[PDB]
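Nothing in this text is a laboratory measurement; each read-out follows from the coordinates by a stated rule. Positions of Cβ are generated from backbone atoms using ideal geometry, with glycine treated the same way; all protein chains shown enter the neighbour counts.
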Amino acid sequence: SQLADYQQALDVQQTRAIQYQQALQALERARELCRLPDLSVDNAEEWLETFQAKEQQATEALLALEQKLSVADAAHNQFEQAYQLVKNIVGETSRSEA
Amino acid sequence: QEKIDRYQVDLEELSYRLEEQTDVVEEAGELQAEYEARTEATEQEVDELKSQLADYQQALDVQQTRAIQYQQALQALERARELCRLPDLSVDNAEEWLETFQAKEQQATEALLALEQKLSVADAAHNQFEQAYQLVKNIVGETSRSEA
Amino acid sequence: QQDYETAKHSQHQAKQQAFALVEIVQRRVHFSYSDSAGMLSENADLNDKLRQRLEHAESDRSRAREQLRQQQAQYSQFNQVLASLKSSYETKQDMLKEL
Amino acid sequence: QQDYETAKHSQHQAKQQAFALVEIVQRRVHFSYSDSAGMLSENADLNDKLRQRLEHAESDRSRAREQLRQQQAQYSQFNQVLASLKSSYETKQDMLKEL
């Protein structure tokens, strides 16, 4: 259309140049945040999936953490009672090993 | 003997079905080739028309004289005027609007990431819930989540 | 997820508005010489008619592409049912030969 | 709780980095506009460069078309083999029922 409609008058060309500048800015911003000066558009997908795995690890961690915090609502008494039960059954044990 | 007779009849019926489906697939393939040719003809015509229009307008649009260039700026300004609820939006004061809308955009992205974190943790929690459900179903069979 | 969908929509709209403002900033220079003008509509008649014909051709091409895609689809399902019949027949034939 | 706030901060870091990388993935095409940015800098007769870019895009599109066609054939092959296994399993299971 641009060649057929050369009356388009480089408006699309201007928009595409602006998009190119924006993409340059975004690539620099990612190289900063991800701290990857070694980076290219062609191979950025690999680091994207690598950090996707990283984010999945972080989210699964924090998920187990959310469950543990939610069950931490159990009052002080339950921990004491379980600790003393384990002590009476096996003998003196540490809370960490209990 | 009777069992083998039944299976032979079954095979006859299956052969008839195979013949019917082969005929249907051949008709579909012929139609597919016909539509491929028709489509390629349509792109051929479209490309030819585009090229001919380019050739005709060659002389017309070459001498733009950077004078019809500014209407593009006019359309961009107006398009922002409707897109941005700023009827007073002027190319002079458009920079304050630019910075303010950029601030709003970055705030929106931060809120989006905040929502995304909780969304991911919730979805993965539901994923573990589902995994428990599948394990229970495989071990015992159908059952509700409450019974899980 | 509903809330995040809404938030993503809002983020997209904000990004579009910011890009439009950036476009205004970039084309401020072009606005600078807005007083300029030039000749226009010299060969518009034939160009407009040819544009109309090309639009008709493009619409026909879009229809043709849609029909091509859908026909590929139905051909695919026909092939799939054909393969299913093939497998059923082969298994039953093997089982008859075994018996 | 301390470790959990730390993990939340780490998750935020991962989220921002992943979002940035995704954003550049979206702007993948825009990097192709380097020609467009260079072309726009012509500020003069530039139809020949437009035609060269169009030819390069035609080559890329044809390459992608061939890639898509062969991948579609491969996917169709996989789909027929899957359907054949489905039918075979059905027949074998029915015979097991009967036996």
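Note on chain C: the alpha carbon radius of gyration divided by the globular reference 2.2 N^0.38 Å gives 2.34.
Can you pull out the GluC sites (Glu not before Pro) in the stretch A:23-98 that DSSP calls coil and that have at most 10 other Cβ atoms within 10 Å?
Answer in residue order: A:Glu92, A:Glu97.
Going by neighbour counts of Cβ atoms within 10 Å, the residues D:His12, D:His30, C:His56 line up, fewest first, as C:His56, D:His12, D:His30. Exposure proxy shown here: for B:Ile139, D:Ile24, B:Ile4, the number of other Cβ atoms within 10 Å sets the order, fewest to most, as B:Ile139, B:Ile4, D:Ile24.
So how far, in whole Å, is the C-alpha centre of the stretch A:57-73 from the one of the stretch D:1-37? Centre-to-centre (Cα) distance: 24 Å. The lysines whose alpha-carbon is closer than 29 Å to the alpha-carbon of B:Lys50, local same-chain residues fewer than 8 away aside, are C:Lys49, D:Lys49.
So if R0 is 30 Å, what FRET efficiency would B:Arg6 and D:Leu82 give, r being the distance between their Cβ atoms, rounded to the nearest 0.05?
Efficiency, rounded to the nearest 0.05: 0.55.
When each of D:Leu46, C:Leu21, B:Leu89 is scored by the number of other beta-carbon atoms lying within 10 Å, the sequence from fewest to most is D:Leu46, B:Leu89, C:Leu21. Counted by Cβ distance under 14 Å from C:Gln1, the other residues give a net charge of -2, where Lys and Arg count +1 and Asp and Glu count -1. Against chain D, whose longest principal axis comes from its Cα atoms, helix D:2-26 is set at around 70 degrees. Kindly provide the trypsin sites (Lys or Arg not before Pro) of the stretch A:25-94 that DSSP labels as loop, not H, G, I, E or B, and whose Cβ sees at most 13 other Cβ atoms within 10 Å. Passing sites in the stretch A:25-94 are A:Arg35. With distances taken between every two different alpha-carbon atoms, chain B has a Kirkwood hydrodynamic radius of 25.4 Å.
In terms of Cα atoms, the Rg and Dmax of the protein assembly as shown work out to 32.4, 102 Å.
May I ask you to list the GluC sites (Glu not before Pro) in the stretch B:84-148 that are in a DSSP loop and have at most 11 other Cβ atoms within 10 Å of their Cβ?
Passing both the DSSP loop test and the Cβ count: B:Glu142, B:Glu147.
The angle separating the long axis of helix A:76-90 from the principal Cα axis of greatest extent in chain A is about 60 degrees.
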